[PDB]
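K.L.:
One structure coming up, written as structure tokens, with questions to follow.
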Amino acid sequence: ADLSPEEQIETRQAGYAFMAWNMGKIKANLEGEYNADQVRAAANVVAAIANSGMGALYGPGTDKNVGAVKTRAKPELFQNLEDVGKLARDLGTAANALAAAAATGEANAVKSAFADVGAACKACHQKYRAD
Amino acid sequence: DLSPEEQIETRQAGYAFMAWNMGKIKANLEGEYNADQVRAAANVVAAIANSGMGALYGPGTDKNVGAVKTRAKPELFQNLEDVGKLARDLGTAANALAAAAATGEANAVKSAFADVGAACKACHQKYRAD
Ligand code: HEC
Ligand code: HEC
Ligand SMILES: [Cl-]
């Protein structure tokens, strides 16, 4: 019942893809008409996934593509697992702050907290995700 | 606006990531129970279940898009109101699971976990090609 390396890659990819979809809804609400309840729901996804323990999905054998299952994790990620962990914690904390800002229903607060989350996604990607 | 292929990929991602978190709750219920692990996993299930995934069932997502295959049954698209009702049953079961987990109510967590799983199953039985 332990996830295989292939399953760990697919599962982490699923979490990132689903965060990204919800981030996009927050961006859309900030740029246009603001639907506070939609932003709450989206922010809760980002907070929950960022705090779900995704480091468990970076086990041995998950550095390589597995047949048709390709990873964008760079070798640098597996060489620096402690720094990756720190960047993940920065996302967890920022994402919780985004969900708390969204709970207030105030677009301005969300705008700030959303910037801090996006910066945390980008900080990790710049170092550890292939383009 | 997401393309059809992106809607398929995104809904698949949501279900896959829920499933991983469901398995963590099951492991806590069958093994050494950790309330904080259960909170984190329950929060994912509740959040994903309430994230507006019906928006991922747009036109053109009833068929495979090149290499991107869907396992949704064609009947799903003939019954979208019911699909939404079943999604809503998941959302209210999952919020109950997360509320119980948040407050440390382990009996209610155990029972809500079974109701969540039943909601997954109810939709699959009708609407997933398996
Ligand atoms: C601490 C590191 C880290 C953080 C933080 C992080 N990512 Fe990533 N991201 C990755 C890695 C590594 C991959 C490649 C995963 C793979 O292919 O195995 C990835 C891949 C992705 C992908 C590629 C498609 C996919 O589904 O895999 C998207 C989209 C994505 N991330 C979005 C996000 C968003 C949005 C956030 C912030 C809300 C985020 N990521 C935060 C490390 C991170
Ligand atoms: C209201 C309908 C509905 C509910 C509720 C639902 N599912 Fe599904 N599920 C589907 C459909 C439809 C697919 C196929 C998606 C596709 O391939 O486009 C699917 C696919 C999946 C997949 C495969 C995703 C992949 O990787 O392709 C898993 C795993 C899954 N569901 C688990 C769950 C779990 C766990 C729950 C409950 C916590 C759940 N589902 C609730 C409709 C639902
Ligand atoms: Cl009716």
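Please note that chains go A, B, ... in the order of the structure tokens, that every chain numbers its residues from 1, and that ligands are numbered from 1 in the order shown.
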Please identify every residue of chain A that has at least one atom no more than 8 Å from any atom of chain B, counting only C-alpha atoms, and report them as a ChimeraX atom specification.

P.N.:
/A:11,13-15,17-18,21-22,41-42,44-45,48-49,51-52

K.L.:
Keeping N, CA and C atoms for every residue in the selection just given, could you write it to a file as a PDB file, in the first residue's frame?

P.N.:
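So the final result, stored in selection-v2.pdb, reads:
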```pdb
ATOM      1  N   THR A  11       1.264  11.607  -8.077  1.00  0.00           N
ATOM      2  CA  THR A  11       0.493  12.223  -6.990  1.00  0.00           C
ATOM      3  C   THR A  11       0.998  13.651  -6.726  1.00  0.00           C
ATOM      4  N   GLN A  13       2.506  15.612  -8.855  1.00  0.00           N
ATOM      5  CA  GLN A  13       2.082  16.381  -9.998  1.00  0.00           C
ATOM      6  C   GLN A  13       0.610  16.771  -9.885  1.00  0.00           C
ATOM      7  N   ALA A  14      -0.235  15.855  -9.410  1.00  0.00           N
ATOM      8  CA  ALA A  14      -1.652  16.151  -9.223  1.00  0.00           C
ATOM      9  C   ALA A  14      -1.829  17.286  -8.223  1.00  0.00           C
ATOM     10  N   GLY A  15      -1.131  17.236  -7.092  1.00  0.00           N
ATOM     11  CA  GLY A  15      -1.271  18.315  -6.121  1.00  0.00           C
ATOM     12  C   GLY A  15      -0.871  19.658  -6.667  1.00  0.00           C
ATOM     13  N   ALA A  17      -0.826  20.606  -9.892  1.00  0.00           N
ATOM     14  CA  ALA A  17      -1.761  21.016 -10.922  1.00  0.00           C
ATOM     15  C   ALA A  17      -3.034  21.562 -10.277  1.00  0.00           C
ATOM     16  N   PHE A  18      -3.497  20.916  -9.190  1.00  0.00           N
ATOM     17  CA  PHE A  18      -4.732  21.364  -8.617  1.00  0.00           C
ATOM     18  C   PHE A  18      -4.551  22.677  -7.875  1.00  0.00           C
ATOM     19  N   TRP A  21      -4.605  25.434 -10.571  1.00  0.00           N
ATOM     20  CA  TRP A  21      -5.943  25.806 -11.050  1.00  0.00           C
ATOM     21  C   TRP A  21      -6.593  26.780 -10.058  1.00  0.00           C
ATOM     22  N   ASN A  22      -6.475  26.488  -8.790  1.00  0.00           N
ATOM     23  CA  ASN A  22      -7.080  27.367  -7.768  1.00  0.00           C
ATOM     24  C   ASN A  22      -6.364  28.721  -7.661  1.00  0.00           C
ATOM     25  N   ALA A  41     -12.867  29.406  -1.280  1.00  0.00           N
ATOM     26  CA  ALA A  41     -12.778  27.984  -1.637  1.00  0.00           C
ATOM     27  C   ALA A  41     -11.408  27.700  -2.295  1.00  0.00           C
ATOM     28  N   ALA A  42     -10.986  28.564  -3.203  1.00  0.00           N
ATOM     29  CA  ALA A  42      -9.716  28.384  -3.909  1.00  0.00           C
ATOM     30  C   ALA A  42      -8.542  28.474  -2.953  1.00  0.00           C
ATOM     31  N   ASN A  44      -8.584  27.902   0.203  1.00  0.00           N
ATOM     32  CA  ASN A  44      -8.577  26.729   1.101  1.00  0.00           C
ATOM     33  C   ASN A  44      -7.893  25.533   0.408  1.00  0.00           C
ATOM     34  N   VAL A  45      -8.079  25.396  -0.888  1.00  0.00           N
ATOM     35  CA  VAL A  45      -7.377  24.319  -1.604  1.00  0.00           C
ATOM     36  C   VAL A  45      -5.862  24.536  -1.498  1.00  0.00           C
ATOM     37  N   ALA A  48      -4.605  23.822   1.969  1.00  0.00           N
ATOM     38  CA  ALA A  48      -4.670  22.408   2.339  1.00  0.00           C
ATOM     39  C   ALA A  48      -3.558  21.621   1.599  1.00  0.00           C
ATOM     40  N   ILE A  49      -3.450  21.806   0.310  1.00  0.00           N
ATOM     41  CA  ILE A  49      -2.448  21.038  -0.442  1.00  0.00           C
ATOM     42  C   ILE A  49      -1.034  21.413  -0.016  1.00  0.00           C
ATOM     43  N   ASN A  51      -0.030  22.168   2.862  1.00  0.00           N
ATOM     44  CA  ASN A  51       0.194  21.666   4.134  1.00  0.00           C
ATOM     45  C   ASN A  51      -0.118  20.163   4.275  1.00  0.00           C
ATOM     46  N   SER A  52      -0.097  19.434   3.162  1.00  0.00           N
ATOM     47  CA  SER A  52      -0.517  18.044   3.119  1.00  0.00           C
ATOM     48  C   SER A  52       0.604  17.077   3.233  1.00  0.00           C
TER      49      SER A  52
END
```

K.L.:
For region 58-69 of chain B, find every residue with an atom within 10 Å (counting only C-alpha atoms), except residues of its own chain fewer than 4 positions away, and show them as a PyMOL selection string.

P.N.:
chain B and resi 2-9+54+73-77

K.L.:
7 Å from ligand 1 is the threshold here; counting only C-alpha atoms and all ligand atoms, which polymer residues fall inside it? Answer as a VMD selection string.

P.N.:
chain A and resid 9 12 to 17 19 to 20 23 46 70 to 74 77 84 to 85 87 to 88 91 117 to 118 120 to 122 124 to 125 128 to 129

K.L.:
Could you dump the residues just selected with N, CA, C and O atoms as a tab-separated table (two decimals), in the first residue's frame?

P.N.:
```tsv
chain	number	residue	atom	x	y	z
A	9	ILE	N	5.33	10.31	-8.12
A	9	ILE	CA	5.48	11.37	-9.14
A	9	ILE	C	4.09	11.82	-9.58
A	9	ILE	O	3.80	13.02	-9.64
A	12	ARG	N	2.33	13.85	-6.70
A	12	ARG	CA	2.80	15.21	-6.46
A	12	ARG	C	2.40	16.09	-7.61
A	12	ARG	O	1.98	17.25	-7.41
A	13	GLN	N	2.51	15.61	-8.85
A	13	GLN	CA	2.08	16.38	-10.00
A	13	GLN	C	0.61	16.77	-9.89
A	13	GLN	O	0.23	17.89	-10.25
A	14	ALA	N	-0.24	15.86	-9.41
A	14	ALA	CA	-1.65	16.15	-9.22
A	14	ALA	C	-1.83	17.29	-8.22
A	14	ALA	O	-2.67	18.20	-8.42
A	15	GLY	N	-1.13	17.24	-7.09
A	15	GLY	CA	-1.27	18.31	-6.12
A	15	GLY	C	-0.87	19.66	-6.67
A	15	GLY	O	-1.57	20.65	-6.47
A	16	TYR	N	0.26	19.71	-7.39
A	16	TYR	CA	0.66	20.99	-7.97
A	16	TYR	C	-0.32	21.48	-9.00
A	16	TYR	O	-0.65	22.67	-9.05
A	17	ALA	N	-0.83	20.61	-9.89
A	17	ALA	CA	-1.76	21.02	-10.92
A	17	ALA	C	-3.03	21.56	-10.28
A	17	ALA	O	-3.60	22.55	-10.74
A	19	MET	N	-3.39	22.86	-7.24
A	19	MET	CA	-3.07	24.20	-6.65
A	19	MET	C	-3.07	25.23	-7.75
A	19	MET	O	-3.60	26.33	-7.52
A	20	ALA	N	-2.42	24.96	-8.86
A	20	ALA	CA	-2.32	25.95	-9.91
A	20	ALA	C	-3.67	26.40	-10.43
A	20	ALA	O	-3.90	27.57	-10.65
A	23	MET	N	-5.04	28.75	-7.80
A	23	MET	CA	-4.33	30.03	-7.88
A	23	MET	C	-4.86	30.85	-9.02
A	23	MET	O	-5.05	32.07	-8.85
A	46	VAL	N	-5.40	25.76	-1.78
A	46	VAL	CA	-3.96	26.00	-1.78
A	46	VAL	C	-3.40	25.76	-0.43
A	46	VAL	O	-2.35	25.09	-0.28
A	70	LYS	N	6.88	11.08	-16.83
A	70	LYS	CA	8.05	11.96	-16.85
A	70	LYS	C	7.95	12.94	-15.68
A	70	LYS	O	6.87	13.41	-15.35
A	71	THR	N	9.07	13.21	-15.02
A	71	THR	CA	9.15	14.19	-13.97
A	71	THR	C	9.87	15.44	-14.42
A	71	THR	O	10.79	15.36	-15.23
A	72	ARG	N	9.44	16.59	-13.90
A	72	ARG	CA	10.16	17.83	-14.06
A	72	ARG	C	11.00	18.18	-12.84
A	72	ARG	O	11.56	19.31	-12.80
A	73	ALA	N	11.11	17.29	-11.85
A	73	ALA	CA	11.99	17.55	-10.75
A	73	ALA	C	13.45	17.48	-11.20
A	73	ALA	O	13.87	16.47	-11.77
A	74	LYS	N	14.24	18.51	-10.92
A	74	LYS	CA	15.65	18.52	-11.36
A	74	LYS	C	16.48	17.68	-10.40
A	74	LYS	O	16.19	17.53	-9.22
A	77	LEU	N	17.12	19.11	-6.96
A	77	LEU	CA	16.14	19.00	-5.88
A	77	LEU	C	16.62	17.89	-4.89
A	77	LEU	O	16.68	18.08	-3.67
A	84	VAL	N	14.83	22.28	-0.17
A	84	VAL	CA	13.51	22.07	-0.73
A	84	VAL	C	12.44	22.05	0.35
A	84	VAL	O	11.40	22.65	0.22
A	85	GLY	N	12.73	21.36	1.45
A	85	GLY	CA	11.83	21.29	2.58
A	85	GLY	C	11.53	22.67	3.16
A	85	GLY	O	10.39	23.00	3.52
A	87	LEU	N	11.72	25.54	1.51
A	87	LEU	CA	10.88	26.24	0.53
A	87	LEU	C	9.44	25.74	0.58
A	87	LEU	O	8.50	26.55	0.39
A	88	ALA	N	9.25	24.45	0.86
A	88	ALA	CA	7.90	23.91	1.02
A	88	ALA	C	7.26	24.49	2.26
A	88	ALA	O	6.05	24.82	2.26
A	91	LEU	N	6.00	27.90	1.57
A	91	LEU	CA	4.70	27.83	0.90
A	91	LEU	C	3.60	27.50	1.89
A	91	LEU	O	2.53	28.13	1.83
A	117	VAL	N	2.28	33.96	-1.67
A	117	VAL	CA	2.20	32.56	-2.13
A	117	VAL	C	2.86	32.41	-3.48
A	117	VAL	O	3.68	31.47	-3.65
A	118	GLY	N	2.52	33.24	-4.47
A	118	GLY	CA	3.11	33.08	-5.78
A	118	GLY	C	4.62	33.15	-5.71
A	118	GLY	O	5.31	32.44	-6.44
A	120	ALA	N	6.47	32.17	-3.27
A	120	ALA	CA	6.94	30.90	-2.73
A	120	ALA	C	6.91	29.79	-3.80
A	120	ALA	O	7.82	28.96	-3.86
A	121	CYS	N	5.88	29.74	-4.63
A	121	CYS	CA	5.87	28.76	-5.72
A	121	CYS	C	7.10	29.01	-6.62
A	121	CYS	O	7.83	28.08	-6.98
A	122	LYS	N	7.27	30.27	-7.01
A	122	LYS	CA	8.34	30.60	-7.96
A	122	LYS	C	9.71	30.34	-7.39
A	122	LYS	O	10.61	29.89	-8.12
A	124	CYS	N	10.75	28.04	-5.42
A	124	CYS	CA	11.08	26.62	-5.56
A	124	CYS	C	11.27	26.23	-7.02
A	124	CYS	O	12.24	25.54	-7.35
A	125	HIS	N	10.37	26.68	-7.90
A	125	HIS	CA	10.48	26.35	-9.27
A	125	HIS	C	11.82	26.79	-9.85
A	125	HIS	O	12.45	26.05	-10.64
A	128	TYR	N	14.40	24.26	-8.67
A	128	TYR	CA	14.25	22.83	-8.61
A	128	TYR	C	13.30	22.19	-9.64
A	128	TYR	O	13.19	20.97	-9.67
A	129	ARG	N	12.65	22.99	-10.47
A	129	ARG	CA	11.72	22.46	-11.48
A	129	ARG	C	12.19	22.80	-12.86
A	129	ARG	O	12.53	23.96	-13.14
```

K.L.:
Please check which protein, DNA or RNA residues sit within 12 Å of ligand 3, counting only C-alpha atoms and all ligand atoms, and write them as a short mmCIF file (atom, residue, chain, number, x, y, z; two decimals) with N, CA and C atoms, in the first residue's frame.

P.N.:
```cif
data_model
loop_
_atom_site.label_atom_id
_atom_site.label_comp_id
_atom_site.auth_asym_id
_atom_site.auth_seq_id
_atom_site.Cartn_x
_atom_site.Cartn_y
_atom_site.Cartn_z
N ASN B 79 -26.61 13.84 -17.53
CA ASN B 79 -27.21 13.92 -16.22
C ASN B 79 -26.46 14.88 -15.31
N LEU B 80 -26.09 16.06 -15.82
CA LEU B 80 -25.21 16.95 -15.07
C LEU B 80 -25.79 17.46 -13.78
N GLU B 81 -27.11 17.69 -13.73
CA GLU B 81 -27.66 18.08 -12.46
C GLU B 81 -27.47 17.02 -11.39
N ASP B 82 -27.72 15.74 -11.73
CA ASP B 82 -27.47 14.67 -10.79
C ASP B 82 -25.99 14.54 -10.40
N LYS B 85 -25.45 16.98 -7.85
CA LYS B 85 -26.02 16.58 -6.59
C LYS B 85 -25.06 15.61 -5.89
#
```
